[PDB]
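When reading the values below, keep in mind they use all heavy atoms of this one structure, side chains included, and skip hydrogens, waters and symmetry mates. All residue numbers refer to positions in the sequence shown, counting from 1. Atoms within a ligand are numbered from 1 in the order they appear, just like the ligands themselves.
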Amino acid sequence: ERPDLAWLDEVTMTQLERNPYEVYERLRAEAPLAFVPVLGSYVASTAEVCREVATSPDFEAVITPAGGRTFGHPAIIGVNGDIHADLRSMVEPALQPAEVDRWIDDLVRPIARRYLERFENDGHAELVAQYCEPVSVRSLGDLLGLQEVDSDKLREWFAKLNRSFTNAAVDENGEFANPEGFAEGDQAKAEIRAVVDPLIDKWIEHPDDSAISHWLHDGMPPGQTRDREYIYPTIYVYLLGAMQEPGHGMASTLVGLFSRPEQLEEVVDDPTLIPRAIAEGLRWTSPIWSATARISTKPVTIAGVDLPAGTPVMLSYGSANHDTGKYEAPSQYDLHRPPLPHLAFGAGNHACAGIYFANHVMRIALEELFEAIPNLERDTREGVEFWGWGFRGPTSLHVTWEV
Ligand code: HEM
Ligand SMILES: COc1cc(C=O)ccc1O
């Protein structure tokens, strides 16, 4: 235990979930690599340390403890070597930029219009539940082959998987403090199996253009498929973060723009600024905030800390994206910030595989929203609360407009 960081003993899980930024501002100043007792792990808080650990040849991927309890093996985020190379080759075809550009407009734009048509004449909406989450999950769900799983159910699954994956608190003995918090993750997985096992049964015999059918068949010898137990943990990686994060990124970008009314007006007037607005939104409140980890494979010194081999490090990219060594007043959303590198998609061999897809989903969703409701305003009678330490986003976004 590091004596001058004794204050970290009093940091709680609830504190980090409600707002981790004050603790992490102290960490970036006091100890860019620091052991946080309630998380049971070293955490990297600065951009330099997050990027170094994420790309270091002396580290490899590992899943956080609660993440591993939730996903098992082999989750693409948690493996290396040949298995990782196979799983990357499995997921990459539909995510290739030239491929995304062939069909992303016809996928996302009709979905956005469908959800907008339900409320665009109402004068009020809660955009997280009514727009941002549905567009994110329906787009990816259709791409995967889950057309028949309703968006309400996809949203429920990623919320349960989120809470299980981030159920990270440990007690005085380093044991999980809230073992009951994994139950809803296990229940979500059981429901997912009941729905997806018959789909995999069908795709094995009758492949189609769905991504999960291609995960089963691509690159395999004739008549063979990847075993479903081998692909299910990466299905869960998708049914949590890939389903959740474009909606979080959309919503955080909107909250940021509302906080700068002149900039919201600029973007509505000139939708070519939407990509820049989203990039700033991801830096400003990173959807994947501290869910990623690496483990050292040999003894290494990071930020003055001598780590033995086998030391996990949580990568708190959401804190790295407020590093004041890089950014002026990072807690303010600013569309006109110069476009600098950011870590909201991670870094290294395990960096996000779906960046190009995700950016287009968010872009098209905001384009259609501003076209349908150009006089969109935040409902300032309602507060916007952000929640989450592992994954972070606004829990609601009440808006109003003149009808
Ligand atoms: C704005 C929304 C999104 C954000 C902020 C995002 C951010 C990330 C981050 C931070 C990681 C960890 C990278 C690292 O290890 O350093 C990540 C891994 C990944 N993301 Fe994204 N993601 C986003 C949308 C997606 C979507 C929609 C998909 C799928 C279509 C996607 C597929 C992946 C995969 C497969 C991995 C694991 C890569 C590996 O471990 O090799 N992500 N994402
Ligand atoms: C792309 O989805 C995920 C990413 C991560 C960590 O970066 C953790 C769980 C996920 O489901």
Side-chain angles (χ1 to χ4, degrees), residues 44 50-56 59-64 66-68 70-71 74-81 83-96 99-100 104 107-108 132 135-137 139-144 157-158 161-162 164-166 185 211-212 215 231 233-253 278-279 281-294 313-318 320-321 342-363 365 390-393:
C50 281
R51 195 201 280 224
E52 181 177 15
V53 171
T55 66
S56 167
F59 282 82
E60 63 176 22
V62 73
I63 194 162
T64 66
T70 302
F71 287 171
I76 189 171
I77 60 173
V79 297
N80 303 280
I83 299 174
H84 183 242
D86 181 64
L87 291 172
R88 281 299 288 230
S89 81
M90 182 186 80
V91 302
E92 276 170 6
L95 300 177
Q96 315 169 87
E99 182 66 25
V100 173
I104 191 68
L107 172 66
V108 183
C132 297
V135 171
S136 182
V137 307
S139 295
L140 178 64
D142 291 358
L143 178 70
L144 290 177
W157 285 346
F158 79 60
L161 291 172
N162 176 333
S164 185
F165 190 103
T166 62
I212 294 172
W215 294 4
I231 74 169
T234 296
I235 292 176
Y236 299 144
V237 168
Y238 270 56
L239 290 185
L240 200 186
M243 287 286 174
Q244 182 174 246
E245 298 333 310
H248 273 182
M250 281 176 223
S252 290
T253 297
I278 290 167
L282 297 181
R283 181 213 62 77
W284 176 69
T285 308
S286 303
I288 302 202
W289 209 94
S290 189
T292 318
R294 303 285 191 268
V313 174
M314 287 169 176
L315 302 168
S316 306
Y317 289 142
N321 282 335
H342 69 76
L343 283 167
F345 292 114
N349 295 324
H350 277 264
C352 178
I355 300 175
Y356 197 80
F357 174 86
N359 279 338
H360 275 312
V361 170
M362 295 184 287
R363 172 186 64 87
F391 311 92
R392 189 164 183 83

Looking at ligand 1, does any of its N/O atoms fall within less than 3.5 Å of an N/O of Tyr238? no

Purely on distance, is any nitrogen or oxygen of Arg294 under 3.5 Å from one on ligand 1? yes

Strictly under 4.0 Å, does any heavy atom of [X] approach an atom of ligand 1?
{"X": "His248", "answer": "no"}
{"X": "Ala54", "answer": "no"}
{"X": "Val237", "answer": "no"}

Can you tell me the protein heavy atom closest to [atom] and the distance?
{"atom": "atom 16 (O) of ligand 1", "value": "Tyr317 OH, 2.7 Å"}
{"atom": "atom 12 (C) of ligand 1", "value": "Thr292 OG1, 3.6 Å"}
{"atom": "atom 10 (C) of ligand 1", "value": "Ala344 O, 3.4 Å"}
{"atom": "atom 37 (C) of ligand 1", "value": "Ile77 CG2, 3.8 Å"}
{"atom": "atom 13 (C) of ligand 1", "value": "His350 O, 3.2 Å"}
{"atom": "atom 1 (C) of ligand 1", "value": "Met362 CE, 3.5 Å"}

Can you classify the ring geometry of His248 versus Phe158 as parallel (below 30°), tilted (30 to 60°) or perpendicular (above 60°)? perpendicular

Using a 4.5 Å cut-off on heavy atoms from C-beta on, say whether the side chain of [Y] contacts that of [X].
{"X": "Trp157", "Y": "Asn162", "result": "no"}
{"X": "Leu140", "Y": "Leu144", "result": "yes"}
{"X": "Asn349", "Y": "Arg88", "result": "no"}

Okay, side chain of [X], backbone of [Y]: is any donor-acceptor separation there less than 3.5 Å?
{"X": "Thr234", "Y": "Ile76", "result": "yes"}
{"X": "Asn80", "Y": "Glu60", "result": "no"}
{"X": "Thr64", "Y": "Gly67", "result": "yes"}
{"X": "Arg294", "Y": "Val313", "result": "no"}

Could you measure the distance from the [atom1] atom of [X] to the [atom2] atom of [Y]? Nearest 0.5 Å is fine.
{"X": "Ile278", "Y": "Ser252", "atom1": "CD1", "atom2": "OG", "value": "11.5 Å"}
{"X": "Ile288", "Y": "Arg392", "atom1": "CD1", "atom2": "CZ", "value": "14.5 Å"}
{"X": "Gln96", "Y": "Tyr356", "atom1": "CD", "atom2": "OH", "value": "12.0 Å"}
{"X": "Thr253", "Y": "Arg363", "atom1": "OG1", "atom2": "CZ", "value": "14.0 Å"}

Numbering as shown, the atoms of ligand 1 that approach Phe357 to under 4.0 Å (heavy-atom distance): 27 (C), 30 (C)

Could you tell me, atom by atom, which parts of ligand 1 come under 4.0 Å of a heavy atom of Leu95? 30 (C)

Apply side-chain contact (heavy atoms from CB on, under 4.5 Å) to residues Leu107 and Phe357 and explain how you reach the verdict. CA-CA 11 Å; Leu107 172 66; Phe357 174 86; 4.2 Å; yes

I need the protein N, O or S atoms closer than 2.8 Å to atom 21 (Fe) of ligand 1, given as residue plus atom name. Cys352 SG

Ligand 1 versus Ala347, non-hydrogen atoms closer than 4.0 Å: side chain, backbone, both, neither? backbone

What's the verdict on side-chain contact (heavy atoms from CB on, under 4.5 Å) for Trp289 and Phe391, showing C-alpha distance, side-chain angles and the deciding distance? CA-CA 5 Å; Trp289 209 94; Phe391 311 92; over 6 Å; no

Between ligand 2 and the protein, which N/O pairs are shorter than 3.5 Å?
unit_1, atom_1, unit_2, atom_2, d
ligand 2, 2 (O), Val237, O, 3.1
ligand 2, 7 (O), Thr292, OG1, 2.7
ligand 2, 11 (O), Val237, O, 2.6
ligand 2, 11 (O), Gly241, N, 3.0

Within a 6.0 Å radius of atom CZ on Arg51, are there more than 12 heavy atoms belonging to other residues, nucleotides or ligands? no

Could you check whether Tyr317 and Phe345 have their ring centres less than 6.0 Å apart? no

